[PDB]
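Visitor: Dropping in target27.csv, with CSV, C-alpha atoms and all ligand atoms.
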chain,number,residue,atom,x,y,z
W,34,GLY,CA,13.1,-13.0,16.9
W,35,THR,CA,9.3,-12.5,17.1
W,36,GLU,CA,8.9,-8.7,17.8
W,37,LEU,CA,7.0,-6.4,15.4
W,38,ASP,CA,9.2,-4.1,13.2
W,39,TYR,CA,8.0,-0.4,13.2
W,40,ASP,CA,10.1,0.5,10.1
W,41,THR,CA,8.1,-2.0,8.0
W,42,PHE,CA,4.9,-0.6,6.3
W,43,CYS,CA,2.3,-2.9,4.7
W,44,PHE,CA,-0.2,-1.4,2.2
W,45,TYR,CA,-3.8,-2.2,3.3
W,46,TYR,CA,-7.1,-1.8,1.5
W,47,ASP,CA,-10.4,-1.3,3.5
W,48,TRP,CA,-12.9,-1.2,0.5
W,49,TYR,CA,-14.2,-4.8,0.7
W,50,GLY,CA,-17.9,-5.6,1.7
W,51,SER,CA,-20.0,-8.6,2.7
W,52,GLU,CA,-23.7,-9.4,2.9
W,53,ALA,CA,-23.2,-9.9,6.7
W,54,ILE,CA,-22.1,-6.3,7.4
W,55,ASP,CA,-22.6,-4.1,4.4
W,56,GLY,CA,-25.5,-5.9,2.7
W,57,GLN,CA,-23.4,-6.0,-0.5
W,58,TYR,CA,-20.2,-7.7,-1.7
W,59,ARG,CA,-18.4,-4.4,-2.4
W,60,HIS,CA,-15.1,-4.6,-4.5
W,61,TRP,CA,-15.5,-8.4,-4.9
W,62,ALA,CA,-17.9,-7.1,-7.6
W,63,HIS,CA,-15.9,-4.6,-9.9
W,64,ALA,CA,-16.1,-3.0,-13.3
W,65,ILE,CA,-13.6,-4.4,-16.0
W,66,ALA,CA,-11.3,-1.6,-17.2
W,67,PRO,CA,-11.4,-0.6,-20.9
W,68,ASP,CA,-8.1,-0.9,-22.8
W,69,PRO,CA,-6.4,2.6,-22.8
W,70,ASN,CA,-5.1,2.0,-26.4
W,76,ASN,CA,-18.6,-2.1,-23.1
W,77,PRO,CA,-16.1,-4.3,-21.2
W,78,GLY,CA,-18.6,-5.4,-18.6
W,79,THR,CA,-18.5,-6.1,-14.8
W,80,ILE,CA,-17.3,-9.0,-12.5
W,81,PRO,CA,-20.5,-9.7,-10.4
W,82,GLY,CA,-18.8,-10.7,-7.1
W,83,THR,CA,-20.7,-14.0,-6.8
W,84,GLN,CA,-19.1,-17.0,-4.9
W,85,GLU,CA,-18.0,-18.3,-8.3
W,86,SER,CA,-16.8,-15.0,-10.0
W,87,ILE,CA,-14.8,-12.4,-7.9
W,88,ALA,CA,-12.6,-9.5,-9.0
W,89,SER,CA,-9.2,-11.3,-8.4
W,90,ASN,CA,-7.1,-14.0,-10.1
W,91,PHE,CA,-6.7,-15.5,-6.6
W,92,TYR,CA,-9.3,-16.6,-3.9
W,93,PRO,CA,-9.1,-15.4,-0.2
W,94,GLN,CA,-8.9,-18.0,2.6
W,95,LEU,CA,-11.4,-15.7,4.5
W,96,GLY,CA,-13.8,-15.6,1.5
W,97,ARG,CA,-15.8,-12.6,0.3
W,98,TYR,CA,-15.1,-10.7,3.6
W,99,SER,CA,-16.1,-7.2,4.9
W,100,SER,CA,-13.4,-4.6,5.9
W,101,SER,CA,-16.1,-3.4,8.5
W,102,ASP,CA,-16.5,-6.9,10.1
W,103,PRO,CA,-14.7,-6.7,13.6
W,104,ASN,CA,-14.1,-10.5,13.5
W,105,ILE,CA,-12.3,-10.2,10.1
W,106,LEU,CA,-10.2,-7.3,11.4
W,107,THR,CA,-9.1,-9.3,14.5
W,108,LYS,CA,-7.9,-12.1,12.1
W,109,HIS,CA,-6.0,-9.5,9.9
W,110,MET,CA,-4.2,-8.1,12.9
W,111,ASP,CA,-3.2,-11.7,14.0
W,112,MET,CA,-1.8,-12.1,10.4
W,113,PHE,CA,0.3,-8.8,10.8
W,114,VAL,CA,1.7,-10.2,14.0
W,115,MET,CA,2.7,-13.5,12.2
W,116,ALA,CA,4.4,-11.4,9.5
W,117,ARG,CA,6.2,-9.1,12.1
W,118,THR,CA,4.9,-6.0,10.1
W,119,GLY,CA,4.4,-3.2,12.7
W,120,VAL,CA,2.7,-0.5,10.5
W,121,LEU,CA,-0.5,-0.8,8.5
W,122,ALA,CA,-0.5,1.9,5.7
W,123,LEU,CA,-4.3,2.5,5.1
W,124,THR,CA,-5.7,3.5,1.7
W,125,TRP,CA,-7.5,6.9,2.0
W,126,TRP,CA,-9.9,8.3,-0.6
W,127,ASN,CA,-11.7,11.2,1.2
W,128,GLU,CA,-15.1,9.5,0.8
W,129,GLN,CA,-16.7,11.8,3.5
W,130,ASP,CA,-19.3,9.3,4.6
W,131,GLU,CA,-20.2,7.5,7.7
W,132,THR,CA,-19.0,4.1,6.5
W,133,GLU,CA,-15.4,5.4,6.0
W,134,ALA,CA,-15.4,7.0,9.5
W,135,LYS,CA,-16.7,3.7,11.0
W,136,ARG,CA,-14.1,1.5,9.3
W,137,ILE,CA,-11.1,3.7,10.2
W,138,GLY,CA,-12.2,3.7,13.9
W,139,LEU,CA,-12.6,-0.1,13.9
W,140,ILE,CA,-9.2,-0.6,12.2
W,141,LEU,CA,-7.4,1.6,14.8
W,142,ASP,CA,-9.1,-0.2,17.7
W,143,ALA,CA,-8.3,-3.7,16.3
W,144,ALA,CA,-4.6,-2.7,15.5
W,145,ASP,CA,-4.0,-1.4,19.1
W,146,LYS,CA,-5.0,-4.7,20.7
W,147,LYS,CA,-1.9,-6.3,18.9
W,148,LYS,CA,0.4,-3.2,19.2
W,149,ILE,CA,0.1,-2.5,15.5
W,150,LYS,CA,0.4,1.2,14.3
W,151,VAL,CA,-1.6,2.9,11.5
W,152,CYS,CA,-0.6,5.6,9.0
W,153,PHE,CA,-2.5,6.9,5.9
W,154,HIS,CA,-1.8,6.4,2.2
W,155,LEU,CA,-3.3,9.5,0.5
W,156,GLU,CA,-4.9,8.5,-2.8
W,157,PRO,CA,-5.6,10.6,-6.0
W,158,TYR,CA,-9.2,11.6,-5.0
W,159,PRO,CA,-11.2,14.1,-7.2
W,160,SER,CA,-9.7,17.6,-7.4
W,161,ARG,CA,-6.9,16.7,-4.9
W,162,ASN,CA,-4.7,19.8,-4.4
W,163,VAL,CA,-2.3,21.2,-1.7
W,164,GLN,CA,-5.1,23.3,0.0
W,165,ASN,CA,-7.6,20.4,0.4
W,166,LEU,CA,-4.6,18.1,1.3
W,167,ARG,CA,-3.7,20.5,4.1
W,168,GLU,CA,-7.3,20.6,5.3
W,169,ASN,CA,-7.5,16.7,5.2
W,170,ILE,CA,-4.1,16.3,7.0
W,171,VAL,CA,-5.5,18.6,9.8
W,172,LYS,CA,-8.7,16.6,9.9
W,173,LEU,CA,-6.9,13.2,10.2
W,174,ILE,CA,-4.5,14.4,12.9
W,175,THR,CA,-7.3,16.1,14.8
W,176,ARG,CA,-9.7,13.1,14.6
W,177,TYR,CA,-7.2,10.2,15.1
W,178,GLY,CA,-3.9,11.7,16.4
W,179,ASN,CA,-4.7,10.9,20.0
W,180,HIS,CA,-5.6,7.3,19.3
W,181,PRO,CA,-2.9,5.0,20.7
W,182,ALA,CA,-2.5,3.1,17.4
W,183,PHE,CA,-1.8,6.3,15.3
W,184,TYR,CA,1.8,6.0,14.0
W,185,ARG,CA,4.6,8.6,14.8
W,186,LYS,CA,8.3,8.6,14.0
W,187,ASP,CA,10.3,10.9,16.4
W,188,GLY,CA,7.1,12.8,17.1
W,189,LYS,CA,5.8,13.2,13.5
W,190,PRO,CA,2.9,11.4,11.7
W,191,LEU,CA,3.9,9.9,8.3
W,192,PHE,CA,1.9,10.0,5.1
W,193,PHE,CA,2.5,8.2,1.7
W,194,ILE,CA,1.3,10.2,-1.3
W,195,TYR,CA,0.2,8.1,-4.3
W,196,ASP,CA,0.8,9.6,-7.8
W,197,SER,CA,2.3,12.7,-6.2
W,198,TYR,CA,3.6,13.8,-9.7
W,199,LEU,CA,0.0,14.8,-10.6
W,200,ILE,CA,0.7,18.0,-8.5
W,201,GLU,CA,3.5,20.4,-9.6
W,202,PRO,CA,6.5,21.1,-7.3
W,203,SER,CA,5.6,24.8,-7.3
W,204,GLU,CA,2.3,23.8,-5.5
W,205,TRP,CA,4.0,21.2,-3.2
W,206,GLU,CA,6.5,24.0,-2.0
W,207,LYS,CA,3.6,26.0,-0.6
W,208,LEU,CA,2.7,23.2,1.8
W,209,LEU,CA,6.1,21.6,2.4
W,210,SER,CA,8.8,24.3,2.3
W,211,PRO,CA,9.4,25.9,5.8
W,212,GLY,CA,8.6,29.3,4.1
W,213,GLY,CA,5.6,28.1,2.1
W,214,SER,CA,2.4,30.1,2.0
W,215,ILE,CA,0.4,27.3,3.7
W,216,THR,CA,3.2,25.4,5.3
W,217,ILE,CA,2.8,22.6,7.8
W,218,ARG,CA,6.5,22.9,8.8
W,219,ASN,CA,6.9,23.9,12.5
W,220,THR,CA,3.1,23.7,13.1
W,221,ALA,CA,1.0,21.4,15.2
W,222,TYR,CA,0.3,19.5,11.9
W,223,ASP,CA,4.0,18.9,10.8
W,224,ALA,CA,4.5,15.4,9.3
W,225,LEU,CA,6.8,13.2,7.2
W,226,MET,CA,5.6,13.4,3.6
W,227,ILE,CA,6.7,10.5,1.4
W,228,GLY,CA,6.3,11.1,-2.4
W,229,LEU,CA,6.2,8.5,-5.2
W,230,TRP,CA,9.5,8.2,-7.2
W,231,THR,CA,8.5,7.0,-10.7
W,232,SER,CA,10.8,7.7,-13.7
W,233,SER,CA,14.5,8.6,-14.3
W,234,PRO,CA,16.8,10.5,-12.0
W,235,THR,CA,17.0,13.5,-14.3
W,236,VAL,CA,13.3,14.1,-13.7
W,237,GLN,CA,12.9,12.7,-10.1
W,238,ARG,CA,15.9,14.3,-8.3
W,239,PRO,CA,14.8,17.9,-9.0
W,240,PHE,CA,11.0,17.0,-8.5
W,241,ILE,CA,11.7,15.6,-4.9
W,242,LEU,CA,14.0,18.5,-3.9
W,243,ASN,CA,11.8,21.3,-5.3
W,244,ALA,CA,8.6,19.7,-3.8
W,245,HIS,CA,10.3,19.5,-0.3
W,246,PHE,CA,9.2,15.9,0.3
W,247,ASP,CA,10.9,14.2,3.4
W,248,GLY,CA,11.4,11.0,1.4
W,249,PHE,CA,10.2,8.7,-1.4
W,250,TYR,CA,8.7,5.3,-2.0
W,251,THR,CA,8.2,3.2,-5.3
W,252,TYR,CA,4.9,1.3,-4.7
W,253,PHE,CA,4.7,-1.1,-7.7
W,254,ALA,CA,5.1,-4.8,-6.9
W,255,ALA,CA,6.0,-5.5,-10.6
W,256,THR,CA,9.8,-5.3,-11.3
W,257,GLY,CA,10.6,-3.0,-14.2
W,258,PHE,CA,7.1,-1.3,-14.4
W,259,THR,CA,8.9,2.0,-13.7
W,260,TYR,CA,12.6,3.1,-13.2
W,261,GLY,CA,11.8,3.3,-9.4
W,262,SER,CA,10.4,-0.3,-9.3
W,263,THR,CA,13.6,-1.7,-10.9
W,264,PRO,CA,15.6,-3.1,-8.0
W,265,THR,CA,19.0,-2.8,-9.6
W,266,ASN,CA,18.5,1.0,-9.3
W,267,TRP,CA,18.0,0.9,-5.5
W,268,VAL,CA,21.7,1.2,-4.4
W,269,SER,CA,22.1,4.5,-6.3
W,270,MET,CA,18.7,5.8,-5.2
W,271,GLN,CA,19.7,5.1,-1.5
W,272,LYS,CA,23.1,6.9,-2.0
W,273,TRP,CA,21.3,10.0,-3.4
W,274,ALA,CA,18.7,9.9,-0.6
W,275,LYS,CA,21.5,9.8,2.1
W,276,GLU,CA,23.4,12.7,0.4
W,277,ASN,CA,20.3,14.9,0.4
W,278,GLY,CA,18.7,14.1,3.8
W,279,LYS,CA,15.8,12.1,2.4
W,280,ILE,CA,14.2,8.9,3.6
W,281,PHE,CA,14.0,6.1,0.9
W,282,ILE,CA,11.3,3.4,1.6
W,283,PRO,CA,11.5,1.0,-1.4
W,284,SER,CA,8.4,-1.2,-2.0
W,285,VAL,CA,8.7,-5.0,-2.3
W,286,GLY,CA,6.0,-7.5,-3.3
W,287,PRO,CA,5.4,-11.2,-3.9
W,288,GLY,CA,4.2,-11.0,-7.6
W,289,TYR,CA,1.6,-9.2,-9.8
W,290,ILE,CA,-1.4,-10.2,-11.9
W,291,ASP,CA,-4.5,-8.1,-12.6
W,292,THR,CA,-6.0,-9.7,-15.8
W,293,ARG,CA,-9.5,-10.4,-14.3
W,294,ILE,CA,-10.1,-6.6,-14.0
W,295,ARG,CA,-7.5,-5.4,-16.7
W,296,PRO,CA,-7.5,-8.2,-19.4
W,297,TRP,CA,-5.2,-6.1,-21.7
W,298,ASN,CA,-2.5,-5.7,-19.0
W,299,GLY,CA,-0.8,-9.2,-19.3
W,300,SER,CA,2.7,-7.8,-20.0
W,301,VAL,CA,2.8,-6.6,-16.3
W,302,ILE,CA,2.4,-10.2,-14.9
W,303,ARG,CA,5.2,-11.3,-12.5
W,304,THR,CA,5.1,-15.0,-11.5
W,305,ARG,CA,5.5,-15.9,-7.8
W,306,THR,CA,7.8,-19.0,-8.4
W,307,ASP,CA,6.9,-20.5,-5.0
W,308,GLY,CA,8.3,-17.5,-3.2
W,309,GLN,CA,11.6,-17.0,-5.2
W,310,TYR,CA,10.3,-13.7,-6.7
W,311,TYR,CA,9.5,-12.2,-3.3
W,312,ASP,CA,12.9,-13.4,-2.0
W,313,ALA,CA,14.8,-11.7,-4.8
W,314,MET,CA,13.0,-8.3,-4.3
W,315,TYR,CA,13.3,-8.3,-0.5
W,316,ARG,CA,17.0,-9.2,-0.6
W,317,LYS,CA,17.7,-6.2,-3.0
W,318,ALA,CA,16.0,-3.8,-0.6
W,319,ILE,CA,18.0,-5.0,2.4
W,320,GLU,CA,21.3,-5.0,0.3
W,321,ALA,CA,20.7,-1.3,-0.7
W,322,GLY,CA,21.1,-0.4,3.0
W,323,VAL,CA,17.8,1.4,3.5
W,324,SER,CA,16.3,2.3,6.9
W,325,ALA,CA,12.6,1.4,6.1
W,326,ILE,CA,10.8,-1.0,3.7
W,327,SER,CA,7.2,-1.0,2.4
W,328,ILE,CA,5.3,-4.1,1.3
W,329,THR,CA,2.9,-4.1,-1.7
W,330,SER,CA,0.5,-5.4,-0.5
W,331,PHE,CA,-1.4,-7.0,2.4
W,332,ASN,CA,-4.7,-7.3,0.4
W,333,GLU,CA,-4.7,-5.6,-3.1
W,334,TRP,CA,-6.6,-8.7,-4.4
W,335,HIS,CA,-7.4,-7.0,-7.8
W,336,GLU,CA,-3.7,-6.7,-8.6
W,337,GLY,CA,-2.6,-10.1,-7.3
W,338,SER,CA,0.1,-8.5,-5.0
W,339,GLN,CA,-1.4,-9.7,-1.7
W,340,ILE,CA,0.5,-11.6,1.1
W,341,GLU,CA,-2.9,-12.4,2.8
W,342,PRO,CA,-3.7,-16.1,2.8
W,343,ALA,CA,-5.2,-17.5,-0.5
W,344,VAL,CA,-6.7,-21.0,-1.1
W,345,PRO,CA,-7.2,-23.3,-4.2
W,346,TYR,CA,-10.6,-22.7,-5.9
W,347,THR,CA,-12.2,-23.9,-9.1
W,348,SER,CA,-15.7,-22.7,-10.0
W,349,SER,CA,-17.9,-23.2,-13.0
W,350,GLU,CA,-16.8,-19.6,-14.1
W,351,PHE,CA,-13.0,-19.4,-13.5
W,352,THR,CA,-10.1,-21.6,-12.3
W,353,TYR,CA,-8.2,-19.4,-9.7
W,354,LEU,CA,-4.5,-19.2,-9.1
W,355,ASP,CA,-3.2,-20.3,-5.7
W,356,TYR,CA,0.0,-20.6,-3.6
W,357,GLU,CA,0.6,-24.3,-4.2
W,358,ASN,CA,3.1,-25.9,-3.8
W,359,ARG,CA,3.4,-23.5,-0.8
W,360,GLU,CA,0.7,-23.4,2.0
W,361,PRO,CA,-1.9,-20.6,2.4
W,362,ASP,CA,0.1,-18.7,5.1
W,363,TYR,CA,3.5,-19.0,3.4
W,364,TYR,CA,3.8,-15.3,2.4
W,365,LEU,CA,3.1,-14.3,6.0
W,366,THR,CA,5.8,-16.6,7.4
W,367,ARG,CA,8.3,-15.6,4.6
W,368,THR,CA,7.6,-11.9,5.4
W,369,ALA,CA,8.6,-12.7,9.1
W,370,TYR,CA,11.9,-14.3,7.8
W,371,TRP,CA,12.8,-11.2,5.8
W,372,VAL,CA,11.9,-8.8,8.6
W,373,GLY,CA,14.4,-10.7,10.7
W,374,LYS,CA,17.1,-10.3,8.0
W,375,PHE,CA,16.2,-6.5,7.7
W,376,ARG,CA,16.6,-6.1,11.5
W,377,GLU,CA,20.0,-7.9,11.4
W,378,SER,CA,21.1,-5.1,8.9
W,379,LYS,CA,19.8,-2.1,10.9
W,401,LIG,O1,-6.7,-2.2,-8.8
W,401,LIG,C1,-8.0,-1.6,-8.8
W,401,LIG,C2,-8.1,-0.2,-8.1
W,401,LIG,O2,-7.2,0.7,-8.9
W,401,LIG,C3,-7.0,2.0,-8.3
W,401,LIG,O3,-6.4,2.0,-7.0
W,401,LIG,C4,-5.0,1.8,-7.0
W,401,LIG,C5,-4.7,0.3,-6.8
W,401,LIG,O4,-5.3,-0.2,-5.6
W,401,LIG,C6,-3.2,0.1,-6.7
W,401,LIG,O5,-2.5,0.3,-7.9
W,401,LIG,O6,-2.6,0.9,-5.7
W,401,LIG,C7,-2.9,2.3,-5.8
W,401,LIG,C8,-2.2,2.9,-4.6
W,401,LIG,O7,-2.8,2.4,-3.3
W,401,LIG,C9,-4.4,2.6,-5.9
W,401,LIG,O8,-4.6,4.0,-6.2
W,401,LIG,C10,-8.4,2.6,-8.2
W,401,LIG,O9,-8.9,2.9,-9.5
W,401,LIG,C11,-9.4,1.8,-7.5
W,401,LIG,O10,-10.7,2.4,-7.5
W,401,LIG,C12,-9.5,0.4,-8.1
W,401,LIG,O11,-10.4,-0.5,-7.3
W,402,LIG,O1,-3.0,1.2,-16.2
W,402,LIG,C1,-3.1,0.2,-15.1
W,402,LIG,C2,-2.2,0.7,-14.0
W,402,LIG,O2,-2.8,1.8,-13.3
W,402,LIG,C3,-2.0,2.4,-12.3
W,402,LIG,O3,-0.7,2.9,-12.7
W,402,LIG,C4,-0.8,4.1,-13.5
W,402,LIG,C5,-0.4,5.3,-12.6
W,402,LIG,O4,-1.1,5.3,-11.4
W,402,LIG,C6,1.1,5.1,-12.3
W,402,LIG,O5,1.6,6.3,-11.6
W,402,LIG,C7,1.9,5.0,-13.7
W,402,LIG,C8,3.4,4.8,-13.4
W,402,LIG,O6,4.1,4.9,-14.7
W,402,LIG,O7,1.4,3.9,-14.4
W,402,LIG,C9,0.0,4.0,-14.8
W,402,LIG,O8,-0.3,5.1,-15.6
W,402,LIG,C10,-1.7,1.4,-11.1
W,402,LIG,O9,-3.0,1.1,-10.5
W,402,LIG,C11,-1.1,0.1,-11.7
W,402,LIG,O10,-0.9,-0.9,-10.7
W,402,LIG,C12,-2.0,-0.4,-12.9
W,402,LIG,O11,-1.4,-1.6,-13.5
Let me see the structure of the file written as structure tokens.
Ligand SMILES: OC[C@H]1O[C@H](O[C@@H]2[C@H](O)[C@@H](O)O[C@H](CO)[C@H]2O)[C@@H](O)[C@@H](O)[C@@H]1O
Ligand SMILES: OC[C@H]1O[C@H](O[C@H]2[C@@H](O)[C@H](O)[C@@H](CO)O[C@@H]2O)[C@@H](O)[C@@H](O)[C@@H]1O

Guide:
Amino acid sequence: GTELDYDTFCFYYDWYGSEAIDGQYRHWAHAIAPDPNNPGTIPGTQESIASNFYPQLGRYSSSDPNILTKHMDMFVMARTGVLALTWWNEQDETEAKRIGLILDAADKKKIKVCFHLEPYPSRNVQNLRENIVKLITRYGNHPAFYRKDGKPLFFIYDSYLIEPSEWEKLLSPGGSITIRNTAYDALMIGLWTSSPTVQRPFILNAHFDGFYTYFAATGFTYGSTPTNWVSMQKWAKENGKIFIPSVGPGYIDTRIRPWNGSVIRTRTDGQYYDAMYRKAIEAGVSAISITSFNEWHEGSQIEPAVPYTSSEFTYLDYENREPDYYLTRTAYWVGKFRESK
């Protein structure tokens, strides 16, 4: 009843800084997005951070070993066995440092780490192959590196930005630059966004091993509408694909995207999280992803948050629930998922 689940993947962000470690409050300070249809910047002061909520751990650094210890203890409380790490191909010493610290901290608690491959500049199947080789070579022998039946696993955000004819070269067994049957073979999980008429042939022709949905906001896409999950799972099973639906506790991003209020999803003291997690389990899936551990900008985090009012903003909080409620409610749902496996 307390063991970690290694079919539960929680999306984790390593881009936060503090004065203590980095010399700068990175990401707590953030540009405000212009409306797609001179917006300014959130300064990352104690009073004004780039979130509608306020972390229990304050304006922390993702490179602070003491913060990382606490985060791994939170994963243990939630029973979430896999940390799905955002990866932007920064190619700098700070990226390399933080990945190594995260792997070391995870292994102390028997947590595993996989990579979430983001839409970095000029991403294409050739530099993706080179980067998959780099990550497996650098980190594949670390004891915390995740494998499922011998294979690493990668999530690919906004995979539709690359044509299926390009994906086939990397992911078909006959592809020109294939990883299949090589030392670098891996489970590749693409993003299902829109309707089945578009997504079914995309996923088949790209040769993905499976698909996920990402968005914590119900109805944002066809794929993030949970009443579609039973039929998506049936299609996955008939076609030998792994479906990993994404569940989250709520959504609100209006500090950084003030024009995006129609995407707000209220937490209702945990009832929103309960409804989404129940739908994933009832669909009969073999793996679940959680959006998110700590995407504070988008208000999808399960990490503990505290009440806070400053001279500049009155933050949202988890009241009438306690700061660790979303960790303990995740553990409840992991138990119900395991009962169904
Ligand atoms: O939310 C601000 C954040 O947006 C973009 O990153 C995305 C978000 O973190 C979220 O939607 O999840 C995506 C998948 O993990 C991720 O791409 C970036 O523009 C980022 O720079 C920005 O801070
Ligand atoms: O516009 C804000 C929005 O940006 C991102 O979503 C975009 C894209 O990445 C998604 O694939 C499609 C799905 O239809 O929607 C947008 O174009 C996300 O960061 C999202 O959370 C955010 O609200």

Visitor: Can you work out the spacing between CA of residue 363 in chain W and CA of residue 304 in chain W in Å, to one decimal?

Guide: 15.5 Å

Visitor: Dig up all the protein and nucleic acid residues within 7 Å of (12.7, 3.0, 1.9) in the file frame, using only C-alpha atoms, and format them as an mmCIF file with C-alpha atoms, in the frame of the given file.

Guide:
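Contents of point02.cif, as written:
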data_model
loop_
_atom_site.group_PDB
_atom_site.id
_atom_site.type_symbol
_atom_site.label_atom_id
_atom_site.label_comp_id
_atom_site.auth_asym_id
_atom_site.auth_seq_id
_atom_site.Cartn_x
_atom_site.Cartn_y
_atom_site.Cartn_z
ATOM 1 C CA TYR W 250 8.700 5.300 -2.000
ATOM 2 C CA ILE W 280 14.200 8.900 3.600
ATOM 3 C CA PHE W 281 14.000 6.100 0.900
ATOM 4 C CA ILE W 282 11.300 3.400 1.600
ATOM 5 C CA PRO W 283 11.500 1.000 -1.400
ATOM 6 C CA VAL W 323 17.800 1.400 3.500
ATOM 7 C CA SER W 324 16.300 2.300 6.900
ATOM 8 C CA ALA W 325 12.600 1.400 6.100
ATOM 9 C CA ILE W 326 10.800 -1.000 3.700
ATOM 10 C CA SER W 327 7.200 -1.000 2.400
#

Visitor: Env of range 255-259 of chain W: 10 Å cut, atoms = all atoms listed in the file, seq-sep filter 2 positions within chain, self excluded. Answer as a ChimeraX atom specification.

Guide: /W:230-233,251-253,261-265,284-290,300-304,310,314,329,336,338

Visitor: Quick one, how far is atom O1 of ligand LIG 401 (chain W) from CA of residue 204 in chain W?

Guide: 27.7 Å

Visitor: Pick the closest to ligand LIG 401 (chain W) from W:240, W:183, W:177, W:331: which is it, counting only C-alpha atoms and all ligand atoms?

Guide: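 Distance minimum relative to ligand LIG 401 (chain W) lands on W:331.
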
Visitor: Using all atoms listed in the file for the distances, tell me which of W:320, W:247, W:68, W:55 is nearest to ligand LIG 402 (chain W).

Guide: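 Comparing W:320, W:247, W:68, W:55 against ligand LIG 402 (chain W), the winner is W:68.
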
Visitor: Measuring atom to atom with all atoms listed in the file, identify which of W:178, W:293, W:202, W:195 is nearest to residue 77 in chain W.

Guide: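 Ranking W:178, W:293, W:202, W:195 by distance to residue 77 in chain W, first place goes to W:293.
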
Visitor: Step by step, measure atom-to-atom distances between ligand LIG 401 (chain W) and each residue using all atoms listed in the file, keep those at most 9 Å, then write them as an MDAnalysis selection string.

Guide: chainID W and resid 44:46 48 60 63:64 123:126 154:158 194:196 252:253 291 294:295 329:330 333:336

Visitor: Is it possible to get the residues within 9 Å of (-1.9, 5.7, 14.9) (coordinates as in the file, counting all atoms listed in the file) written as a PyMOL selection string?

Guide: chain W and resi 120+141+144-145+149-152+177-185+190

Visitor: If you count all atoms listed in the file, which residues fall within 8 Å of residue 49 in chain W, apart from same-chain ones fewer than 3 positions away, as a PyMOL selection string?

Guide: chain W and resi 46+58-61+97-100

Visitor: Measuring between all atoms listed in the file, which one of W:112, W:229, W:171, W:65 shows the shortest distance to ligand LIG 402 (chain W)?

Guide: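 Ranking W:112, W:229, W:171, W:65 by distance to ligand LIG 402 (chain W), first place goes to W:229.
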